[PDB]
Amino acid sequence: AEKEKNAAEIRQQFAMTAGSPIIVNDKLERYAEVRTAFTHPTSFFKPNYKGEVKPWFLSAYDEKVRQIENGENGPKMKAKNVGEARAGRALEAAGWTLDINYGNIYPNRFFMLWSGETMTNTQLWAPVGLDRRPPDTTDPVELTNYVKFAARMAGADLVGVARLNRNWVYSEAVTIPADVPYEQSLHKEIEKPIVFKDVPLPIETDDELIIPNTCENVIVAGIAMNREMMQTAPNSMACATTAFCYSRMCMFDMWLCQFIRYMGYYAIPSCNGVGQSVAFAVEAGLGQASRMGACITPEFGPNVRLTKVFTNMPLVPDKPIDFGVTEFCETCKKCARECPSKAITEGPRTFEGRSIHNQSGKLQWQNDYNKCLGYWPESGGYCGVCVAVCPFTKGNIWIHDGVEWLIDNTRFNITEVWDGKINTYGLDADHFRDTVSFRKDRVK
Amino acid sequence: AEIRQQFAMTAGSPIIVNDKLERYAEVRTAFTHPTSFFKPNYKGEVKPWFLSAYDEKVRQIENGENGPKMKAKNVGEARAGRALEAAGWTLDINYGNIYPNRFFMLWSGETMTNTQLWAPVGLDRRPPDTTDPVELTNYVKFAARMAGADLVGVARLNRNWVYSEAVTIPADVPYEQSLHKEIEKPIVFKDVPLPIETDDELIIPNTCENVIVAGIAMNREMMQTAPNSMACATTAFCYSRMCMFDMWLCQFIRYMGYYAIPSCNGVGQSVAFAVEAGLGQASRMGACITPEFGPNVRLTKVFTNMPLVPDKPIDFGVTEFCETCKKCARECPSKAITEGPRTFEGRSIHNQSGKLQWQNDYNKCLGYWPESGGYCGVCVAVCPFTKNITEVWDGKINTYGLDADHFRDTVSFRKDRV
Ligand code: SF4
Ligand code: SF4
Ligand code: SF4
Ligand code: SF4
């Protein structure tokens, strides 16, 4: 008979010995965040469908408006009617409610404050003194259990811990000056170094973002997207599950930072800022890096968002996992064949970046992310076709052969989504048991 | 979904009222009224109730307790429970988000960062492309589930349950002075295009036909520790879930071409709205009891002119079960819950007279909160419909505290949305 799926058993089967899995050489240096395709001047501007060059997201807005007017849910994808096209973009737009400028990247601004002191919740609770009282627990084992429990309350579907590898922290952040209001933020972005110094608490000066040398650990969360909606990529409902999960990421960061602070430690939130989430996720054991560039997890494949919190709280690092992703990506190449911009390489991994958007000096599949971003104005969304077609995004990829777990090699419209299955936060009760957690799962 | 169809009743508010019913001023609640707001701490110092409760939390942590006369495993465990409680409230203002059109509860989306970022698309300025209440009901309920509701229902807006006057603050008062500068402000209905606040009035349009009610499920293991700290923590986390639900859903409704008023614990009486929208039935303890969660579920609501199909009220025997049960009343640590029958006359200023209900003494309830250092919840914990702290911390958990053993019960297809 079919063995009842056991996600915890799967993770124990593929656990590695300690050690960062990312292979590097001497040319590796920390990466300036301005180099990402979203921010770099070489890629930030894209033509709209009339050929006008604009910031990428404004050209993409022009295409969303055109599609609604034409009763479309995506590029050359007719909707049931104009009302349905409108509803998908209303859902997408609303999903972003708790996110600043598509990613919350500015450190120590808006939702991403590096201290809790000014938050309305901290002020309300100040008479209890939780953020001022020294820690009552310093045992990393108990702290790992407490913080992971808090993380699940805070909306993480996956959580892991790693020692902080500074190679993946941006050398300089993209941010705005402290006196600039929101309405001018996109006009006034600047660079600001992220440095490590012998200081007691995370602190920002006029010149630097200063992370203390005691900032030992990073906690990485996986926030699961909805499979039915992502499978509509590159159309509007894939944009909506993306958007809602960015607001879930924000809530997670603030909730968890506040818990850590109220435990007597400091905590730095980040969402899409501060450093490279995929690298942290691999080092924390959530999954393995893939050909498309994303972290593939056993539970969700790549159909999961990442965020992370940095802290001096003593914790037990998790072990990395190797469930064969590298070898499957070597022979699969489905994302590369289906990518509408041919951004994903069909070749082998190298240490040499394809362009300024890649960090050289680490062995990885080198993709052209300017080509990726170029398809977003064309399609009026955030694509996601690579995630949608990845075999690991399918549910029930795992089978048991009587001895051990293995991957099933055989695996290698929008009206119906609106009328079909949904549940709280887009989670799927057919698979939600996979992320149940007991103390045995949280700390060893 | 089969159970809910089996117990659907014919249309009509199931709350029985008489000719004495008047709308209720929010300042009368035990949290805000001057006769109940102040309570002594354990040293005998009279303070605002929540500050006296803070003193008890501090005392408990120092003494290694998770609750009144409940020893923790150690001081570290005691500290962790209160840290989790305090963190849970991150997205909530002054225990409930009650001030309308302040902080997270804005009545227009125009000034929000998300609306400003999306302004070039014009979704909030474009007339609706859908006016069909059937299609709108399916769209908005799908959105409500994305926004974190475990249950969602629609009712026509009964103004009897809208507060006659809200508790709020002046618009330009900063957060740090909010608690000391609370004021009362009328909520009125007028022929105006959009919800609007003047110096004198909170104005809801006469076109505000409907209320969308969400149920936000709490964690059963944690609530079972009532009145101790982990019950407080699931309470707190769900208040922040409520706030995010209201903002997400209001934005979706605005981007569909309609207006939307968030509320959380403000604007009107959630239990009455939830009963009229079919989420559950009112109970002896005073809560809406649902089939899926019993009373172990939080409520929020959004008011809108979006055309919608109202849901049917449900009757699965709660009234007859409460008539003979009395378990919450016997376990209540403050004897706040009556063992008598339902009447139309409130016991004190804190109750709204003129509706048939079990009349409870809610100042007695609030008095227990500084003594126990929490938000109690024993009545919810012991209710048959709802079915140590080290074991909770070491035990089962899942995303947002939801339980995969029961999560299938809230799956939704179009069939059950409209
Ligand atoms: S589609 Fe295939 S090659 Fe691409 S990430 Fe998924 S498994 Fe790897
Ligand atoms: S998001 Fe789309 S364009 Fe970008 S890499 Fe994936 S498939 Fe290609
Ligand atoms: S404990 Fe008994 S009387 Fe009280 S609300 Fe629950 S069922 Fe009704
Ligand atoms: S919360 Fe506690 S004190 Fe209040 S009515 Fe319920 S059992 Fe009684």
# chains A, B, ... in the order shown; residues from 1 in each chain; ligands from 1
>>> residues_near_ligand(ligand="ligand 1", cutoff="6 Å", atoms="only C-alpha atoms and all ligand atoms", output="PyMOL selection string")
chain A and resi 290-292+328-329+332-335+390-391
>>> write_last_selection(atoms="N, CA, C and O atoms", output="PDB file, in the first residue's frame")
ATOM      1  N   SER A 290      18.851  26.015  -8.157  1.00  0.00           N
ATOM      2  CA  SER A 290      18.379  25.349  -9.362  1.00  0.00           C
ATOM      3  C   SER A 290      18.873  26.084 -10.599  1.00  0.00           C
ATOM      4  O   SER A 290      19.496  27.150 -10.516  1.00  0.00           O
ATOM      5  N   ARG A 291      18.581  25.489 -11.761  1.00  0.00           N
ATOM      6  CA  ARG A 291      18.951  26.101 -13.032  1.00  0.00           C
ATOM      7  C   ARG A 291      18.321  27.479 -13.195  1.00  0.00           C
ATOM      8  O   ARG A 291      18.970  28.407 -13.688  1.00  0.00           O
ATOM      9  N   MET A 292      17.050  27.637 -12.812  1.00  0.00           N
ATOM     10  CA  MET A 292      16.422  28.944 -12.988  1.00  0.00           C
ATOM     11  C   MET A 292      17.014  29.993 -12.055  1.00  0.00           C
ATOM     12  O   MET A 292      16.865  31.192 -12.319  1.00  0.00           O
ATOM     13  N   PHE A 328      19.174  16.729 -11.379  1.00  0.00           N
ATOM     14  CA  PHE A 328      17.969  16.836 -12.199  1.00  0.00           C
ATOM     15  C   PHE A 328      18.040  18.056 -13.106  1.00  0.00           C
ATOM     16  O   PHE A 328      17.703  17.968 -14.293  1.00  0.00           O
ATOM     17  N   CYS A 329      18.498  19.199 -12.579  1.00  0.00           N
ATOM     18  CA  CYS A 329      18.595  20.401 -13.404  1.00  0.00           C
ATOM     19  C   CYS A 329      19.621  20.238 -14.522  1.00  0.00           C
ATOM     20  O   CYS A 329      19.503  20.884 -15.570  1.00  0.00           O
ATOM     21  N   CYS A 332      17.372  18.395 -17.169  1.00  0.00           N
ATOM     22  CA  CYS A 332      15.953  18.726 -17.369  1.00  0.00           C
ATOM     23  C   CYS A 332      15.775  19.867 -18.371  1.00  0.00           C
ATOM     24  O   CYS A 332      15.248  19.664 -19.469  1.00  0.00           O
ATOM     25  N   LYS A 333      16.191  21.070 -17.991  1.00  0.00           N
ATOM     26  CA  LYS A 333      16.161  22.271 -18.838  1.00  0.00           C
ATOM     27  C   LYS A 333      14.752  22.693 -19.284  1.00  0.00           C
ATOM     28  O   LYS A 333      14.608  23.454 -20.247  1.00  0.00           O
ATOM     29  N   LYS A 334      13.692  22.286 -18.580  1.00  0.00           N
ATOM     30  CA  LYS A 334      12.352  22.670 -19.015  1.00  0.00           C
ATOM     31  C   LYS A 334      12.115  24.173 -18.862  1.00  0.00           C
ATOM     32  O   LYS A 334      11.494  24.802 -19.731  1.00  0.00           O
ATOM     33  N   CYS A 335      12.588  24.765 -17.766  1.00  0.00           N
ATOM     34  CA  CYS A 335      12.451  26.215 -17.604  1.00  0.00           C
ATOM     35  C   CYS A 335      13.185  26.977 -18.704  1.00  0.00           C
ATOM     36  O   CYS A 335      12.708  28.017 -19.175  1.00  0.00           O
ATOM     37  N   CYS A 390       8.287  24.142 -13.689  1.00  0.00           N
ATOM     38  CA  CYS A 390       9.263  23.285 -13.031  1.00  0.00           C
ATOM     39  C   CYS A 390       8.572  22.039 -12.480  1.00  0.00           C
ATOM     40  O   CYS A 390       7.551  22.157 -11.782  1.00  0.00           O
ATOM     41  N   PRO A 391       9.078  20.839 -12.771  1.00  0.00           N
ATOM     42  CA  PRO A 391       8.433  19.635 -12.221  1.00  0.00           C
ATOM     43  C   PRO A 391       8.321  19.648 -10.708  1.00  0.00           C
ATOM     44  O   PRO A 391       7.369  19.078 -10.163  1.00  0.00           O
TER      45      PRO A 391
END
>>> residues_around(residues="stretch 7-17 of chain B", least_positions_apart="2", cutoff="8 Å", atoms="only C-alpha atoms", output="ChimeraX atom specification")
/B:3-5,19,21,272,275-276,312-316,344,354-356
>>> residues_around(residues="stretch 135-148 of chain B", least_positions_apart="5", cutoff="6 Å", atoms="only C-alpha atoms", output="list in words")
residues 423, 424, 425 and 426 of chain A; 245, 248, 308 and 417 of chain B
>>> write_last_selection(atoms="N, CA and C atoms", output="PDB file, in the first residue's frame")
ATOM      1  N   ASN A 423      -8.429  28.239  -0.262  1.00  0.00           N
ATOM      2  CA  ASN A 423      -8.486  28.074   1.186  1.00  0.00           C
ATOM      3  C   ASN A 423      -7.678  29.224   1.772  1.00  0.00           C
ATOM      4  N   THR A 424      -7.550  29.249   3.102  1.00  0.00           N
ATOM      5  CA  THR A 424      -6.996  30.416   3.784  1.00  0.00           C
ATOM      6  C   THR A 424      -5.562  30.690   3.323  1.00  0.00           C
ATOM      7  N   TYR A 425      -5.291  31.945   2.961  1.00  0.00           N
ATOM      8  CA  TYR A 425      -3.986  32.394   2.459  1.00  0.00           C
ATOM      9  C   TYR A 425      -3.559  31.665   1.192  1.00  0.00           C
ATOM     10  N   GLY A 426      -4.489  31.032   0.485  1.00  0.00           N
ATOM     11  CA  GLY A 426      -4.113  30.276  -0.690  1.00  0.00           C
ATOM     12  C   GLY A 426      -3.445  28.948  -0.401  1.00  0.00           C
TER      13      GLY A 426
ATOM     14  N   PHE B 245      -6.254  41.473   6.983  1.00  0.00           N
ATOM     15  CA  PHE B 245      -7.445  41.122   6.212  1.00  0.00           C
ATOM     16  C   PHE B 245      -8.203  42.374   5.784  1.00  0.00           C
ATOM     17  N   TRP B 248      -6.166  44.392   3.076  1.00  0.00           N
ATOM     18  CA  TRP B 248      -6.153  43.677   1.804  1.00  0.00           C
ATOM     19  C   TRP B 248      -7.515  43.740   1.127  1.00  0.00           C
ATOM     20  N   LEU B 308     -23.771  42.567  -3.654  1.00  0.00           N
ATOM     21  CA  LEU B 308     -23.440  41.234  -3.170  1.00  0.00           C
ATOM     22  C   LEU B 308     -24.724  40.466  -2.886  1.00  0.00           C
ATOM     23  N   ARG B 417     -19.479  29.453  -2.439  1.00  0.00           N
ATOM     24  CA  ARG B 417     -19.304  30.896  -2.313  1.00  0.00           C
ATOM     25  C   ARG B 417     -20.549  31.671  -2.722  1.00  0.00           C
TER      26      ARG B 417
END
>>> residues_around(residues="residue A:90", least_positions_apart="4", cutoff="7 Å", atoms="only C-alpha atoms", output="number ranges by chain")
A: 86, 94; B: 123, 252, 255-256
>>> residues_around(residues="stretch 187-203 of chain B", least_positions_apart="5", cutoff="7 Å", atoms="only C-alpha atoms", output="tab-separated table (two decimals) with N, CA and C atoms, in the first residue's frame")
chain	number	residue	atom	x	y	z
B	107	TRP	N	-10.56	55.05	5.86
B	107	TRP	CA	-11.82	54.89	5.15
B	107	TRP	C	-11.68	55.14	3.65
B	163	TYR	N	-22.21	51.39	15.90
B	163	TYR	CA	-22.14	52.22	17.09
B	163	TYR	C	-22.76	53.58	16.80
B	164	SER	N	-23.48	54.13	17.79
B	164	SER	CA	-24.06	55.45	17.57
B	164	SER	C	-22.97	56.51	17.50
B	165	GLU	N	-21.94	56.36	18.32
B	165	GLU	CA	-20.77	57.22	18.33
B	165	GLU	C	-19.55	56.34	18.50
B	166	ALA	N	-18.47	56.69	17.81
B	166	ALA	CA	-17.22	55.94	17.89
B	166	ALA	C	-16.30	56.56	18.93
B	259	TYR	N	-16.35	51.49	-2.86
B	259	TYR	CA	-15.67	51.92	-1.64
B	259	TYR	C	-15.77	50.85	-0.56
>>> residues_around(residues="residue A:435", least_positions_apart="2", cutoff="9 Å", atoms="only C-alpha atoms", output="PDB file with N, CA, C and O atoms, in the first residue's frame")
ATOM      1  N   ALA A   7       6.987  14.412   5.305  1.00  0.00           N
ATOM      2  CA  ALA A   7       7.923  15.450   4.880  1.00  0.00           C
ATOM      3  C   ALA A   7       9.132  15.512   5.796  1.00  0.00           C
ATOM      4  O   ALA A   7      10.250  15.799   5.347  1.00  0.00           O
ATOM      5  N   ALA A   8       8.921  15.273   7.093  1.00  0.00           N
ATOM      6  CA  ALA A   8      10.024  15.276   8.047  1.00  0.00           C
ATOM      7  C   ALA A   8      11.006  14.153   7.754  1.00  0.00           C
ATOM      8  O   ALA A   8      12.223  14.355   7.827  1.00  0.00           O
ATOM      9  N   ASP A 157       5.802  29.020   6.159  1.00  0.00           N
ATOM     10  CA  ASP A 157       5.528  27.617   5.890  1.00  0.00           C
ATOM     11  C   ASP A 157       6.761  26.743   6.067  1.00  0.00           C
ATOM     12  O   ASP A 157       6.624  25.564   6.417  1.00  0.00           O
ATOM     13  N   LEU A 158       7.952  27.301   5.817  1.00  0.00           N
ATOM     14  CA  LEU A 158       9.243  26.683   6.101  1.00  0.00           C
ATOM     15  C   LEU A 158      10.082  27.665   6.904  1.00  0.00           C
ATOM     16  O   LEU A 158       9.989  28.882   6.704  1.00  0.00           O
ATOM     17  N   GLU A 299       8.901  20.590  -0.408  1.00  0.00           N
ATOM     18  CA  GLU A 299       7.465  20.732  -0.181  1.00  0.00           C
ATOM     19  C   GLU A 299       6.766  21.484  -1.307  1.00  0.00           C
ATOM     20  O   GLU A 299       5.618  21.168  -1.651  1.00  0.00           O
ATOM     21  N   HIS A 431      -2.181  19.291   1.004  1.00  0.00           N
ATOM     22  CA  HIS A 431      -0.755  19.166   1.263  1.00  0.00           C
ATOM     23  C   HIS A 431      -0.308  19.836   2.560  1.00  0.00           C
ATOM     24  O   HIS A 431       0.862  19.709   2.924  1.00  0.00           O
ATOM     25  N   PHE A 432      -1.209  20.510   3.284  1.00  0.00           N
ATOM     26  CA  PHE A 432      -0.825  21.322   4.437  1.00  0.00           C
ATOM     27  C   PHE A 432      -0.233  20.490   5.584  1.00  0.00           C
ATOM     28  O   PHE A 432       0.556  21.018   6.376  1.00  0.00           O
ATOM     29  N   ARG A 433      -0.557  19.191   5.672  1.00  0.00           N
ATOM     30  CA  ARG A 433       0.089  18.342   6.669  1.00  0.00           C
ATOM     31  C   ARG A 433       1.595  18.285   6.485  1.00  0.00           C
ATOM     32  O   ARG A 433       2.318  18.018   7.453  1.00  0.00           O
ATOM     33  N   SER A 437       4.693  20.738  12.386  1.00  0.00           N
ATOM     34  CA  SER A 437       5.966  20.797  13.093  1.00  0.00           C
ATOM     35  C   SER A 437       5.780  20.409  14.551  1.00  0.00           C
ATOM     36  O   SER A 437       4.850  20.889  15.202  1.00  0.00           O
TER      37      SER A 437
ATOM     38  N   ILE B 397       2.441  22.477  15.697  1.00  0.00           N
ATOM     39  CA  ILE B 397       2.134  23.806  15.184  1.00  0.00           C
ATOM     40  C   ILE B 397       2.254  23.762  13.665  1.00  0.00           C
ATOM     41  O   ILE B 397       2.844  22.848  13.087  1.00  0.00           O
ATOM     42  N   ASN B 398       1.646  24.739  13.013  1.00  0.00           N
ATOM     43  CA  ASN B 398       1.665  24.841  11.561  1.00  0.00           C
ATOM     44  C   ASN B 398       1.411  26.308  11.241  1.00  0.00           C
ATOM     45  O   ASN B 398       1.241  27.133  12.141  1.00  0.00           O
ATOM     46  N   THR B 399       1.398  26.631   9.955  1.00  0.00           N
ATOM     47  CA  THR B 399       1.415  28.032   9.535  1.00  0.00           C
ATOM     48  C   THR B 399       0.212  28.803  10.074  1.00  0.00           C
ATOM     49  O   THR B 399      -0.921  28.329  10.002  1.00  0.00           O
ATOM     50  N   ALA B 404      -3.720  21.208  10.276  1.00  0.00           N
ATOM     51  CA  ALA B 404      -3.936  20.458   9.047  1.00  0.00           C
ATOM     52  C   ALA B 404      -4.901  19.300   9.244  1.00  0.00           C
ATOM     53  O   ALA B 404      -5.438  18.782   8.258  1.00  0.00           O
TER      54      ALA B 404
END
>>> residues_near_ligand(ligand="ligand 3", cutoff="8 Å", atoms="only C-alpha atoms and all ligand atoms", output="PDB file with N, CA and C atoms, in the first residue's frame")
ATOM      1  N   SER B 283     -24.341  32.861  21.488  1.00  0.00           N
ATOM      2  CA  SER B 283     -24.250  31.858  22.546  1.00  0.00           C
ATOM      3  C   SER B 283     -24.432  32.502  23.920  1.00  0.00           C
ATOM      4  N   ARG B 284     -24.450  31.652  24.961  1.00  0.00           N
ATOM      5  CA  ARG B 284     -24.594  32.133  26.338  1.00  0.00           C
ATOM      6  C   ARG B 284     -23.441  33.044  26.739  1.00  0.00           C
ATOM      7  N   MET B 285     -22.212  32.687  26.359  1.00  0.00           N
ATOM      8  CA  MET B 285     -21.064  33.512  26.703  1.00  0.00           C
ATOM      9  C   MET B 285     -21.102  34.855  25.988  1.00  0.00           C
ATOM     10  N   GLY B 286     -21.848  34.955  24.891  1.00  0.00           N
ATOM     11  CA  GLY B 286     -21.959  36.187  24.142  1.00  0.00           C
ATOM     12  C   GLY B 286     -21.229  36.179  22.819  1.00  0.00           C
ATOM     13  N   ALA B 287     -20.554  35.088  22.474  1.00  0.00           N
ATOM     14  CA  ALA B 287     -19.787  34.988  21.242  1.00  0.00           C
ATOM     15  C   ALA B 287     -20.608  34.319  20.147  1.00  0.00           C
ATOM     16  N   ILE B 289     -20.786  31.381  17.844  1.00  0.00           N
ATOM     17  CA  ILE B 289     -20.276  30.012  17.804  1.00  0.00           C
ATOM     18  C   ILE B 289     -20.422  29.501  16.373  1.00  0.00           C
ATOM     19  N   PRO B 295     -16.645  28.896  19.260  1.00  0.00           N
ATOM     20  CA  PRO B 295     -16.336  30.310  19.498  1.00  0.00           C
ATOM     21  C   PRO B 295     -14.862  30.664  19.414  1.00  0.00           C
ATOM     22  N   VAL B 318     -27.493  25.797  18.463  1.00  0.00           N
ATOM     23  CA  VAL B 318     -26.697  26.411  19.527  1.00  0.00           C
ATOM     24  C   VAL B 318     -27.599  26.952  20.632  1.00  0.00           C
ATOM     25  N   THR B 319     -28.702  27.610  20.263  1.00  0.00           N
ATOM     26  CA  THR B 319     -29.551  28.243  21.269  1.00  0.00           C
ATOM     27  C   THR B 319     -30.096  27.210  22.246  1.00  0.00           C
ATOM     28  N   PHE B 321     -28.790  24.254  22.837  1.00  0.00           N
ATOM     29  CA  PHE B 321     -27.695  23.656  23.591  1.00  0.00           C
ATOM     30  C   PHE B 321     -27.269  24.555  24.745  1.00  0.00           C
ATOM     31  N   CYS B 322     -27.164  25.870  24.501  1.00  0.00           N
ATOM     32  CA  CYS B 322     -26.786  26.792  25.571  1.00  0.00           C
ATOM     33  C   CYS B 322     -27.848  26.865  26.661  1.00  0.00           C
ATOM     34  N   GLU B 323     -29.110  26.587  26.322  1.00  0.00           N
ATOM     35  CA  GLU B 323     -30.176  26.707  27.312  1.00  0.00           C
ATOM     36  C   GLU B 323     -29.950  25.775  28.495  1.00  0.00           C
ATOM     37  N   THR B 324     -29.310  24.625  28.274  1.00  0.00           N
ATOM     38  CA  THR B 324     -29.082  23.662  29.342  1.00  0.00           C
ATOM     39  C   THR B 324     -27.612  23.420  29.674  1.00  0.00           C
ATOM     40  N   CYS B 325     -26.666  24.062  28.981  1.00  0.00           N
ATOM     41  CA  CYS B 325     -25.252  23.722  29.165  1.00  0.00           C
ATOM     42  C   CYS B 325     -24.636  24.393  30.395  1.00  0.00           C
ATOM     43  N   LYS B 326     -24.494  25.717  30.358  1.00  0.00           N
ATOM     44  CA  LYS B 326     -24.001  26.551  31.459  1.00  0.00           C
ATOM     45  C   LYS B 326     -22.534  26.317  31.835  1.00  0.00           C
ATOM     46  N   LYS B 327     -21.761  25.594  31.015  1.00  0.00           N
ATOM     47  CA  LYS B 327     -20.390  25.249  31.389  1.00  0.00           C
ATOM     48  C   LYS B 327     -19.492  26.482  31.455  1.00  0.00           C
ATOM     49  N   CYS B 328     -19.620  27.391  30.485  1.00  0.00           N
ATOM     50  CA  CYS B 328     -18.847  28.631  30.532  1.00  0.00           C
ATOM     51  C   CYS B 328     -19.169  29.427  31.791  1.00  0.00           C
ATOM     52  N   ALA B 329     -20.451  29.487  32.160  1.00  0.00           N
ATOM     53  CA  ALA B 329     -20.863  30.247  33.337  1.00  0.00           C
ATOM     54  C   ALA B 329     -20.303  29.639  34.617  1.00  0.00           C
ATOM     55  N   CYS B 379     -13.917  30.865  28.958  1.00  0.00           N
ATOM     56  CA  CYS B 379     -15.223  30.529  28.402  1.00  0.00           C
ATOM     57  C   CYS B 379     -15.078  29.912  27.016  1.00  0.00           C
ATOM     58  N   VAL B 380     -14.233  30.511  26.171  1.00  0.00           N
ATOM     59  CA  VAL B 380     -13.949  29.934  24.858  1.00  0.00           C
ATOM     60  C   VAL B 380     -13.293  28.566  25.013  1.00  0.00           C
ATOM     61  N   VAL B 382     -13.460  26.270  27.384  1.00  0.00           N
ATOM     62  CA  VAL B 382     -14.233  25.151  27.924  1.00  0.00           C
ATOM     63  C   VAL B 382     -15.484  24.826  27.116  1.00  0.00           C
ATOM     64  N   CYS B 383     -15.834  25.640  26.125  1.00  0.00           N
ATOM     65  CA  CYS B 383     -17.086  25.439  25.402  1.00  0.00           C
ATOM     66  C   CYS B 383     -17.020  24.135  24.622  1.00  0.00           C
ATOM     67  N   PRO B 384     -18.027  23.264  24.729  1.00  0.00           N
ATOM     68  CA  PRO B 384     -17.980  22.012  23.955  1.00  0.00           C
ATOM     69  C   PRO B 384     -17.826  22.237  22.462  1.00  0.00           C
ATOM     70  N   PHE B 385     -18.320  23.362  21.933  1.00  0.00           N
ATOM     71  CA  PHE B 385     -18.202  23.622  20.502  1.00  0.00           C
ATOM     72  C   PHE B 385     -16.771  23.936  20.082  1.00  0.00           C
ATOM     73  N   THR B 386     -15.898  24.288  21.026  1.00  0.00           N
ATOM     74  CA  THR B 386     -14.507  24.554  20.677  1.00  0.00           C
ATOM     75  C   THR B 386     -13.770  23.262  20.346  1.00  0.00           C
TER      76      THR B 386
END
>>> select_by_dssp(residues="stretch 151-187 of chain A", states="strand (DSSP E or B)", output="PyMOL selection string")
chain A and resi 158-163+169+172-175
>>> write_last_selection(atoms="N, CA, C and O atoms", output="mmCIF file, in the first residue's frame")
data_model
loop_
_atom_site.group_PDB
_atom_site.id
_atom_site.type_symbol
_atom_site.label_atom_id
_atom_site.label_comp_id
_atom_site.auth_asym_id
_atom_site.auth_seq_id
_atom_site.Cartn_x
_atom_site.Cartn_y
_atom_site.Cartn_z
ATOM 1 N N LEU A 158 7.952 27.301 5.817
ATOM 2 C CA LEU A 158 9.243 26.683 6.101
ATOM 3 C C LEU A 158 10.082 27.665 6.904
ATOM 4 O O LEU A 158 9.989 28.882 6.704
ATOM 5 N N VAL A 159 10.927 27.142 7.794
ATOM 6 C CA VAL A 159 11.869 27.999 8.511
ATOM 7 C C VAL A 159 13.157 27.221 8.726
ATOM 8 O O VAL A 159 13.131 26.013 8.966
ATOM 9 N N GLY A 160 14.287 27.915 8.600
ATOM 10 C CA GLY A 160 15.584 27.323 8.880
ATOM 11 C C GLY A 160 16.533 28.386 9.397
ATOM 12 O O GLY A 160 16.281 29.590 9.259
ATOM 13 N N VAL A 161 17.637 27.922 9.999
ATOM 14 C CA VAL A 161 18.665 28.778 10.591
ATOM 15 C C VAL A 161 20.009 28.476 9.938
ATOM 16 O O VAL A 161 20.360 27.311 9.737
ATOM 17 N N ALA A 162 20.789 29.523 9.662
ATOM 18 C CA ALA A 162 22.177 29.341 9.255
ATOM 19 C C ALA A 162 23.040 30.359 9.981
ATOM 20 O O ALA A 162 22.555 31.402 10.423
ATOM 21 N N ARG A 163 24.325 30.043 10.130
ATOM 22 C CA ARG A 163 25.283 31.102 10.426
ATOM 23 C C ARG A 163 25.276 32.094 9.268
ATOM 24 O O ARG A 163 25.145 31.708 8.105
ATOM 25 N N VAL A 169 25.650 39.162 1.856
ATOM 26 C CA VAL A 169 25.130 40.465 2.250
ATOM 27 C C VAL A 169 25.596 41.497 1.231
ATOM 28 O O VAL A 169 26.771 41.511 0.847
ATOM 29 N N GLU A 172 26.677 47.319 -0.722
ATOM 30 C CA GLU A 172 25.951 48.565 -0.532
ATOM 31 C C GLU A 172 24.476 48.298 -0.792
ATOM 32 O O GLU A 172 24.132 47.529 -1.691
ATOM 33 N N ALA A 173 23.612 48.913 -0.002
ATOM 34 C CA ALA A 173 22.180 48.792 -0.220
ATOM 35 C C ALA A 173 21.686 49.909 -1.130
ATOM 36 O O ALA A 173 22.324 50.955 -1.266
ATOM 37 N N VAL A 174 20.529 49.676 -1.748
ATOM 38 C CA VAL A 174 19.729 50.741 -2.340
ATOM 39 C C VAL A 174 18.760 51.234 -1.271
ATOM 40 O O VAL A 174 18.055 50.434 -0.648
ATOM 41 N N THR A 175 18.727 52.545 -1.044
ATOM 42 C CA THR A 175 17.871 53.098 -0.001
ATOM 43 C C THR A 175 17.489 54.522 -0.394
ATOM 44 O O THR A 175 17.748 54.962 -1.516
#
>>> atom_distance(atom1="atom CA of residue A:143", atom2="atom CA of residue A:314")
6.9 Å
>>> closest_atom_pairs(of="chain A", to="ligand 2", cutoff="6 Å", atoms="only C-alpha atoms and all ligand atoms", output="JSON lines")
{"residue": "A:339", "atom": "CA", "partner": "ligand 2", "partner_atom_place_in_ligand_line": "7 (S)", "distance": 3.7}
{"residue": "A:340", "atom": "CA", "partner": "ligand 2", "partner_atom_place_in_ligand_line": "3 (S)", "distance": 5.4}
{"residue": "A:341", "atom": "CA", "partner": "ligand 2", "partner_atom_place_in_ligand_line": "3 (S)", "distance": 5.0}
{"residue": "A:343", "atom": "CA", "partner": "ligand 2", "partner_atom_place_in_ligand_line": "5 (S)", "distance": 5.3}
{"residue": "A:344", "atom": "CA", "partner": "ligand 2", "partner_atom_place_in_ligand_line": "5 (S)", "distance": 5.7}
{"residue": "A:372", "atom": "CA", "partner": "ligand 2", "partner_atom_place_in_ligand_line": "4 (Fe)", "distance": 3.8}
{"residue": "A:375", "atom": "CA", "partner": "ligand 2", "partner_atom_place_in_ligand_line": "3 (S)", "distance": 5.5}
{"residue": "A:383", "atom": "CA", "partner": "ligand 2", "partner_atom_place_in_ligand_line": "2 (Fe)", "distance": 4.4}
{"residue": "A:384", "atom": "CA", "partner": "ligand 2", "partner_atom_place_in_ligand_line": "1 (S)", "distance": 4.1}
{"residue": "A:385", "atom": "CA", "partner": "ligand 2", "partner_atom_place_in_ligand_line": "7 (S)", "distance": 4.2}
{"residue": "A:386", "atom": "CA", "partner": "ligand 2", "partner_atom_place_in_ligand_line": "7 (S)", "distance": 4.0}
